[PDB]
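Q: I have a structure here, written as structure tokens, and I will follow up with some questions on it.
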Amino acid sequence: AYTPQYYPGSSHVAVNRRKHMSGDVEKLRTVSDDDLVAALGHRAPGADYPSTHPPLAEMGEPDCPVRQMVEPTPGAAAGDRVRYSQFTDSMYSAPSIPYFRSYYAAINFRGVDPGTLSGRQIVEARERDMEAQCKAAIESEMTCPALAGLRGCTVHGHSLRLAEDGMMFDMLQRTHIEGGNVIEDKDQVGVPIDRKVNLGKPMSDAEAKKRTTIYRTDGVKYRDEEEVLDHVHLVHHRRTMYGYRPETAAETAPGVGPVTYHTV
Amino acid sequence: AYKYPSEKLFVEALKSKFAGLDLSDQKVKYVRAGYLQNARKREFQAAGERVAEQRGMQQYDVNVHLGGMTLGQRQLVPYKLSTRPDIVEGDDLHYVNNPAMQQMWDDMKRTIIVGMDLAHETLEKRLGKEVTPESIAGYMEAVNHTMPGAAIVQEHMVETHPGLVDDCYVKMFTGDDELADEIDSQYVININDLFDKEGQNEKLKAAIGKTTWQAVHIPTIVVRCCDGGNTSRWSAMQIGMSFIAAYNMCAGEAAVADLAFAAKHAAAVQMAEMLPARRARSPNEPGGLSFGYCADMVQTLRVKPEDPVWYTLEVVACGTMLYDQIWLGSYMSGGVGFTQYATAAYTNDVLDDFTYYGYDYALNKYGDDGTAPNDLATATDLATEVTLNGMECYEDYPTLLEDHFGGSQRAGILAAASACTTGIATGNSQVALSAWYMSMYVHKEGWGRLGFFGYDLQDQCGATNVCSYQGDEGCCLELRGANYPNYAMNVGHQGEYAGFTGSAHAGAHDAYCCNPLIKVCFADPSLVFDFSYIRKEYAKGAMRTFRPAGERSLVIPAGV
Amino acid sequence: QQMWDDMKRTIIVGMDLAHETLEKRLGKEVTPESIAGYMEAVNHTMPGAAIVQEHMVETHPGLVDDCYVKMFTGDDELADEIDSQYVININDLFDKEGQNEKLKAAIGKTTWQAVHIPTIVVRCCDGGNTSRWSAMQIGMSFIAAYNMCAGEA
Amino acid sequence: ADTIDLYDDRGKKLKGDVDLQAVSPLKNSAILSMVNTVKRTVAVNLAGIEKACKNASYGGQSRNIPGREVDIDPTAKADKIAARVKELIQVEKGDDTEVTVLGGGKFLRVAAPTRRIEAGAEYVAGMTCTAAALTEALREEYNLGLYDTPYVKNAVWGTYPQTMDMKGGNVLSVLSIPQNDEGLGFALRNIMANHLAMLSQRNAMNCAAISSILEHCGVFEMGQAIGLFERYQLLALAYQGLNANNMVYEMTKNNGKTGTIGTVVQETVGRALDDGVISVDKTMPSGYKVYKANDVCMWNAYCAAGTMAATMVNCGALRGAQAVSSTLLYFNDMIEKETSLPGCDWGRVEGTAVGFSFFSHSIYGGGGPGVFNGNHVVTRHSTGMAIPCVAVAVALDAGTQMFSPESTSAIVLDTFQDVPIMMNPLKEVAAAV
Amino acid sequence: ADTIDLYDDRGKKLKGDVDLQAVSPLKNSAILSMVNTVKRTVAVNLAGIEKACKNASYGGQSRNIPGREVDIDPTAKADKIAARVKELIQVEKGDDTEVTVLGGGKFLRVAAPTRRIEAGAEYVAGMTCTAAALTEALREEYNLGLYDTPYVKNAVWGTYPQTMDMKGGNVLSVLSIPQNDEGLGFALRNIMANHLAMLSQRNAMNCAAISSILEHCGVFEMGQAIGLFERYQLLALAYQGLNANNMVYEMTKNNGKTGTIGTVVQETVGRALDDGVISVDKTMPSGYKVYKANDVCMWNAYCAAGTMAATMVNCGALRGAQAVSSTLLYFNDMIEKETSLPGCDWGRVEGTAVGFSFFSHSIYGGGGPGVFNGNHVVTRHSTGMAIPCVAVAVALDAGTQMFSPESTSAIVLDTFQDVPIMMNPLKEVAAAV
Ligand code: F43
Ligand code: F43
Ligand SMILES: C[C@@H](OP(=O)(O)O)[C@H](NC(=O)CCCCCCS)C(=O)O
Ligand SMILES: C[C@@H](OP(=O)(O)O)[C@H](NC(=O)CCCCCCS)C(=O)O
Ligand SMILES: O=S(=O)(O)CCS
Ligand SMILES: [Cl-]
Ligand SMILES: [Cl-]
Ligand SMILES: [Cl-]
Ligand SMILES: [Cl-]
Ligand SMILES: [Cl-]
Ligand SMILES: [K+]
Ligand code: NA
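Protein chains in written order, with PDB author numbering: chain C, 2 to 265; chain A, 2 to 561; chain D, 103 to 255; chain E, 2 to 434; chain B, 2 to 434.
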């Protein structure tokens with residue numbers, strides 16, 4: 002079968018990007034089921050999953066050939082509500098960047114609705130499926146609990162100076178450091194919870210730069226990653242050419258000029 | 002030629018916001034002061050207390066913000082108007098709070114340009130009247146009495162209060178210097194005096210020819226009570242009354258209807274046409290405003306064409322405010338709206354730094370204004386260099402990144418600097434448009450983010466639709482506008498497109514971009530807003546020093 | 103001028119469908135207490151003030167003092183449970199010839215918001231602004247009042 | 002059932018005892034062909050494209066985009082471009098696509114294939130496919146590239162898609178865009194009276210026919226010719242537009258030397274009485290006779306024919322279009338005073354004429370008669386019994402208008418001058434029976 | 002020339018080596034019939050008319066006009082009313098007029114005669130003639146008079162003509178009014194995704210076909226399938242909407258148990274490479290391979306099929322419509338990253354999806370997927386390669402939506418569930434070749 006290559010580039014940042022896309026992300030910490038459910042804020046830990054419609058087996062389905070060959074996720078079969086996890090990630094070398102969180106979701110999980118924005122990245126899915134996807138992300142090297150956190154609202158912070166203790170600014174201060182560990186004591190929409198969810202130690206600055214997918218001047222400078230720039234240019238050029246005419250001849254139409262690439 | 006200096010242009014504003022700050026520091030102490038840190042928020046809270054007490058119903062209250070926190074858990078930072086000394090609180094740039102911004106749009110909306118040649122031909126053909134400088138002069142006196150809402154034919158007419166309509170007037174303009182010199186100068190836009198640099202006056206007169214036009218500006222209060230669709234109709238009614246009186250016509254004969262059709266339709270040049278049903282709007286509203294017309298309304302180009310960047314960035318300031326803050330942020334949505342989506346393009350000298358850097362790069366690599374190759378390779382080079390340099394600025398100066406805290410702001414500013422550099426360098430708006438989309442693609446891969454959820458709808462459609470020639474895709478940038486299908490929804494683009502449309506013609510050393518009638522009309526100093534220096538006007542509005550038209554103080558009570 | 107501006111700046115918006123959305127999609131319970139919190143939120147946000155994000159700029163409350171939202175309903179038990187400052191009292195206003203009963207029978211046990219956006223907004227813009235402005239701040243207020251994701255399906 | 006005799010534009014009998022249903026828009030093959038022709042035919046202004054490109058005047062209204070001139074000469078390559086357009090738009094060789102060079106190369110007439118209309122929902126495929134074919138033909142012939150082709154596209158399509166229409170463009174239809182319809186079924190009502198005069202080549206009898214046919218096709222599409230209203234509308238079409246029983250032509254001839262609006266009123270009443278359409282009902286004490294209609298729909302049809310003949314007599318004497326508005330008003334006002342029966346369209350011709358008079362003699366809008374049409378807010382109110390008279394008056398004008406057929410619709414004349422349905426509509430309608 | 006194998010909704014081969022042109026909107030008789038059916042067919046809500054009259058709720062939106070109730074019961078007389086409507090609208094005995102009582106009398110399906118469409122310029126003659134025939138039938142049946150018939154007329158026509166549409170009325174089309182077109186040629190693009198899901202009876206393969214066919218018919222009417230662009234559009238129609246070569250069906254089957262958006266990306270690239278559509282162009286120092294398209298329009302068609310299969314796999318797994326917006330975005334973003342070739346519609350599917358995601362997850366407009374259509378400002382931007390995926394996602398949803406097919410489009414299901422072109426579109430398209 003076809004072997005994916007995912008993304009160009011040769012720096013360790015490009016290597017990290019391919020790790021996130023391929024799902025080959027190291028597990029770094031453990032978050033209990035009850036702690037994660039409390040943080041997400043959609044139901045009480047241990048409570049039954051609420052439903053938005055009856056289980057498929059109980060209500061039946063239309064005679065659709067696609068339904069009959071596409072297996073529903075566990076949460077879809079059960080009729081769970083569609084709920085969400087949402088993360089914000091610092092531009093000061095957080096492990097994750099928004100688009101690559103969405104690629105991780107889209108490549109590696111079934112029945113997911115990821116969304117990418119500058120200051121927030123969301124995964125919507127049937128509740129129990131969403132929980133499993135969030136657990137994978139939050140336990141992995143995609144997360145530093147100082148540089149990233151669950152924020153379902155009031156997300157400001159990705160682009161701000163870090164606090165003196167290295168925590169990304171949160172207007173609602175849903176997390177804080179206690180004894181070297183990041184503690185979350187509000188749910189993702191700012192409601193106090195009756196527990197202290199221990200997300201463990203923040204990454205060192207050096208570890209963050211080894212694990213990050215972002216290019217910036219204090220790490221891997223974007224200007225030096227000529228393979229990614231070539232890729233961007235190739236895609237823009239071919240889009241421009243084929244919007245004019247969808248044929249090979251458009252690639253040398255008048256107006257293209259002496260286009261040139263670094264590595265190809 | 003221009004030489005980019007050793008200190009970034011945005012450093013002054015950073016130092017003025019953060020006295021004593023080490024601009025390399027990536028960390029800061031958060032004090033979580035809340036709203037009490039800020040004089041404007043405190044003034045708003047007190048205003049909300051009075052509102053609630055006077056009407057018996059809760060209104061503004063900072064404590065209603067969710068999460069038990071008020072605005073200002075971080076520092077609330079003010080904004081320097083770019084190229085100005087004025088630093089203002091952010092709320093002072095909200096369109097609702099800023100009369101300069103309101104009056105800029107009202108001045109556009111209340112304007113219509115109406116040809117006189119067809120009307121004169123009608124008088125000659127149907128009535129056998131001779132049109133002379135003397136008859137035109139009598140007409141210009143008549144139309145400046147009637148246009149604000151006063152009577153010239155009937156008995157027992159009631160009229161508008163002249164003080165409520167003091168901003169309404171009509172001037173004529175023409176490429177015929179002999180006619181222009183015969184009419185009293187109070188009634189004429191003097192093309193030669195206003196367009197005295199780089200032979201711009203001769204370019205405009207050659208383009209307009211020996212044709213005669215009226216620049217009509219109906220009262221601000223009228224468009225405020227009503228809409229932009231009032232403008233061409235109001236204009237035509239009083240043009241018609243004035244022709245009736247000035248040419249001794251029957252006050253309502255068949256020939257009058259030819260004058261009406263001419264003034265309403267055949268010789269009328271709207272600022273904007275109507276919009277489709279989902280966003281139904283009358284003519285002369287922002288969604289119908291083309292980028293070429295927007296660029297031509299701004300007048301910095303007649304003051305200092307030797308600095309193409311300045312005019313370019315005044316167009317950006319004009320367009321980003323109008324299109325993002327008033328049009329998208331109000332007409333098409335509302336609420337708190339979209340102030341900072343637009344301020345990023347006209348404050349803190351940020352876009353200026355990134356654009357002058359690019360201008361210097363292009364001058365050194367490709368040569369003089371407007372001489373760079375008009376091709377995709379050149380757009381690629383300029384966009385990539387300008388975008389990489391800007392991203393490096395945001396990375397090296399933490400408080401710069403914190404200013405443009407939303408990715409959408411960063412995307413529009415990096416892409417505007419890229420496309421304005423390309424426009425000035427190549428003199429070609431369409432090539433600049435390729436550079437705009439290239440900036441976005443470069444940006445996305447560097448940081449793994451771009452703008453808001455729906456920022457790059459036009460972005461991802463963008464490269465392939467620059468050079469399409471299909472019916473609803475192909476269009477030169479000058480004729481695109483806020484109703485071009487891909488552009489019809491989203492912040493952070495429309496005013497920047499007007500800006501680099503201006504940049505291409507500034508780089509070519511043209512006198513205008515799209516319509517010489519628009520260019521002359523908006524050069525007139527008798528307008529309320531000063532179209533020659535947009536950001537200076539915005540500062541006045543933010544400082545409560547801009548006097549708008551349309552207020553009703555003459556006809557309302559006051560008292561304790 | 104103000105008569106016309108009062109008409110142009112008004113939109114009536116049902117609440118039942120919104121409440122059904124919260125129940126069906128999020129499993130939220132809608133109660134007089136949650137509605138009261140929503141009414142406070144919408145009267146702060148409607149004139150042009152912020153409830154979710156940080157570093158928002160806002161309209162001057164004095165320039166938008168005419169903007170507000172009240173609810174009305176043919177359900178007298180719900181109307182009685184909400185602070186009177188937020189409610190159009192059909193029984194007090196329509197006290198002649200049984201008009202109140204005719205209105206309540208026609209409306210039924212459905213709930214509505216009477217939204218009046220700022221006069222200054224329709225003066226700078228047009229009547230098309232009204233339903234859109236209303237909806238933006240209704241949306242922000244539901245997000246806050248029901249602890250939604252601030253931007254979910 | 003009703004029968005009519007069909008007479009031509011010169012008062013000659015063509016066919017006797019024709020079933021009224023045989024001239025219906027739903028049945029008569031000539032009418033159906035007229036509708037298909039107006040839907041699928043477009044005019045191309047090659048000279049306008051050439052000027053726009055050479056002068057960078059894309060979009061019109063004094064627009065000029067400095068530096069963006071494209072130096073191409075399509076009027077000199079009109080035959081080559083026409084052949085490429087035909088190849089690009091034709092669905093099958095031998096289909097009904099036509100592309101013809103007119104004006105020595107200044108214009109094209111493009112009859113787009115009917116199948117492209119059939120495959121769509123509206124009538125615009127002729128406009129869109131012609132504009133697209135022209136843009137491609139110009140790109141190929143002039144070796145245009147990535148960054149200049151967009152400007153040439155605007156020379157063809159105008160400011161579309163920033164505007165809903167091809168404003169300032171160089172592709173023209175006698176129809177407008179669908180979004181300009183005032184209501185449901187109005188597209189065939191939106192035909193400028195100046196265009197109708199040119200379709201007819203200023204033959205006023207043929208004008209009445211072309212305009213009446215298209216107006217009633219619109220009324221049928223509006224759903225306003227169902228049941229009893231079908232006979233009502235068809236009789237109006239036949240007697241006002243199709244010179245049924247030679248009434249329009251003969252009444253005009255009888256009144257053409259010394260007649261007036263009032264003498265045409267008198268002849269119409271006399272004909273209705275002699276033909277049994279109306280009778281004396283009661284007599285008042287003064288001697289004034291109240292009439293009754295024995296056939297209500299036929300009385301309307303007689304009033305419709307009288308309204309047309311009165312237009313021909315009064316505007317023909319003036320050799321001026323403007324008198325049509327007062328003619329429609331006073332013919333109907335006075336015939337009601339003469340009979341105590343309601344006039345044409347039960348007051349709606351008179352009402353249309355009241356507002357049309359106002360809006361063709363005041364400051365507020367409208368213009369001269371040539372700017373009106375069945376979709377115009379002023380002149381829409383009668384179901385087809387006013388606009389044909391307007392078009393006729395425009396055709397009879399000898400040169401009193403500023404917005405004249407020659408000044409607004411010149412390309413329409415060249416495009417339809419050799420199109421048989423427009424050259425002899427009454428003969429073609431009769432031959433289709 | 003290009004050929005395709007046609008396969009049905011269950012993955013079975015129908016016809017081999019079919020010329021691509023034989024599935025063109027301009028040529029395939031089944032497609033042409035589908036367009037004719039959607040233009041001329043209307044649903045009548047007799048129960049809604051009855052309720053409006055009995056409750057004086059003319060115009061909807063909580064309107065009540067006290068005292069103006071008209072007590073009529075058309076649902077109880079539906080067969081008589083249906084027969085009268087048929088007699089009033091049929092042009093000739095034995096023509097293609099159909100009037101059928103549905104729901105025990107609650108509804109009628111009215112297929113107006115094609116000749117009424119042919120005689121007009123647009124598609125509205127079905128809506129207008131049906132509304133008129135119904136109004137007359139009710140007036141006759143219930144002995145209505147001068148002052149109450151106007152109210153019953155508003156029960157049928159809604160607030161027309163104060164509004165341009167029949168707002169609050171009881172005559173329904175799957176199309177909208179022409180004045181709602183965003184631009185030229187958009188009428189067949191203005192079909193709500195919830196309606197498309199009901200036309201298909203929630204058969205997602207048939208939904209893809211119906212929606213893709215109608216979208217590309219619109220693109221043809223827009224003039225955007227001329228010359229080389231005809232092959233570009235036809236290949237997308239065939240591969241994305243007509244299950245050409247069984248690719249959509251097989252990719253969905255192959256990824257249906259455990260697959261994701263990303264695995265569908267991988268299979269699409271592998272198929273393009275194995276089939277010779279793309280080849281390795283150059284290799285970067287890291288070993289990343291840049292590909293080249295050997296057949297540009299074919300590469301697009303493969304990306305369109307992959308976008309569809311990815312929707313079926315991801316929304317099918319969720320049994321929820323909302324994931325269609327992210328599926329279209331991330332399938333195309335990641336296939337570009339995987340290949341350095343441009344994605345479906347050269348970024349316009351991705352771009353549509355960016356704004357569609359935003360406007361289906363924000364305060365500012367839009368809604369759930371079911372409210373979108375090819376004429377919606379958010380979702381118009383691709384030439385037919387996005388909306389069919391939206392409609393499929395709507396069909397696959399198991400009950401997560403507030404504005405669902407059953408809540409907005411129930412009458413469409415009843416009107417079209419027995420209509421052969423909507424029951425088996427892939428079989429009817431193949432049989433027409
Ligand atoms: C509720 C939404 C979803 C939606 O449809 N609109 C919202 C909210 C809306 C509200 C917020 C007002 C308030 O706080 O009560 C207003 C002002 C529009 C209005 N209704 O008046 C707005 N956004 Ni938003 N919105 C903005 C932005 C943004 C940035 C902010 C990211 C950050 O790091 O702070 C992100 C998108 C992104 O990540 O790219 C964003 C999201 C969001 N935006 C999320 C809420 C995010 C949160 O929970 O904190 N906006 C910006 O990026 C800058 C401009 C800013 C707008 C106000 C202005 O222009 O002054 C405001 C524009
Ligand atoms: C020039 C027209 C043709 C036209 O299109 N509109 C006019 C004029 C227009 C102007 C007159 C302004 C001025 O005096 O400079 C305005 C005010 C509209 C405007 N442009 O603002 C107007 N008429 Ni007029 N017009 C009026 C009227 C009228 C009455 C006046 C008859 C009389 O005996 O005085 C007649 C029509 C008639 O005979 O029925 C009339 C005609 C006319 N009306 C004749 C000019 C009559 C004249 O030569 O004196 N108006 C009225 O009948 C009452 C309302 C009055 C309107 C102003 C108001 O409502 O306060 C004004 C409405
Ligand atoms: C007729 C039409 O004008 P046009 O013929 O399109 O110029 C229309 N005016 C009006 O209806 C003017 C009504 C107000 C003035 C007369 C009041 S009696 C309008 O501007 O849209
Ligand atoms: C999409 C459409 O909304 P609807 O889907 O029709 O409700 C459209 N709104 C917009 O485009 C909102 C634009 C401004 C707010 C978002 C700026 S990014 C409008 O109201 O006509
Ligand atoms: O969060 S969203 O991108 O939907 C809106 C930003 S204002
Ligand atoms: Cl190819
Ligand atoms: Cl701190
Ligand atoms: Cl009948
Ligand atoms: Cl009778
Ligand atoms: Cl081609
Ligand atoms: K206004
Ligand atoms: Na005063």
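Idealized CB from N, CA, C, for every residue including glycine.
Alpha helix (DSSP H) containing A:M173: first to last residue?
A: Careful: A:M173 lies outside any alpha helix (DSSP H), inside the beta strand (DSSP E) at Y170 to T175.
Q: What does A:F454 reach in chain B if we use C-beta pairs closer than 8 Å?
A: Under the 8 Å cutoff, chain B gives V355, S358, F359, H362 and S363.
Q: Under 7 Å: does the beta carbon of A:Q155 sit that close to some heavy atom of ligand 2?
A: Flag set: Cβ of A:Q155 near ligand 2.
Q: How would you call C:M60, buried or exposed, if buried means at least 16 neighbouring beta carbons within 10 angstroms?
A: So C:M60 counts as exposed.
Q: Starting from C:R84 and walking both ways along the beta strand (DSSP E), at which residues does that stretch end?
A: First-last of the beta strand (DSSP E) with C:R84: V83 to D90.
Q: What are the residues that DSSP puts in a beta bridge with E:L103?
A: Per DSSP, E:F108.
Q: Below 8 Å, can you find three or more Cβ-Cβ pairs linking the stretch 229-246 of chain C to the stretch 466-480 of chain A?
A: Enough Cβ pairs lie closer than 8 Å, so yes.
Q: Would you say A:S554 touches ligand 12, meaning its beta carbon is less than 7 Å from a heavy atom?
A: Answer for A:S554: yes, Cβ within range of ligand 12.
Q: Output, in sequence order along the chain, the residues in the stretch 139-153 of chain E whose CB is closer than 8 Å to any CB in chain C.
A: For the stretch 139-153 of chain E, which is checked against every Cβ of chain C, the residues closer than 8 Å are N144, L145, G146, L147, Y148, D149 and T150.
Q: Looking only at C-alpha atoms, which of A:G230, A:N191, A:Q410 and A:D382 sits nearest to A:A216?
A: Taking only the C-alpha atoms, the option nearest A:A216 is A:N191.
Q: For E:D182, does the count of other Cβ atoms within 10 angstroms reach 16, so buried, or fall short, so exposed?
A: Buried is the call here.
Q: Ligand 4 and B:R381: does the residue's C-beta get closer than 7 Å to at least one heavy atom of that ligand?
A: No - ligand 4 has no heavy atom lying nearer than 7 Å to the Cβ of B:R381.
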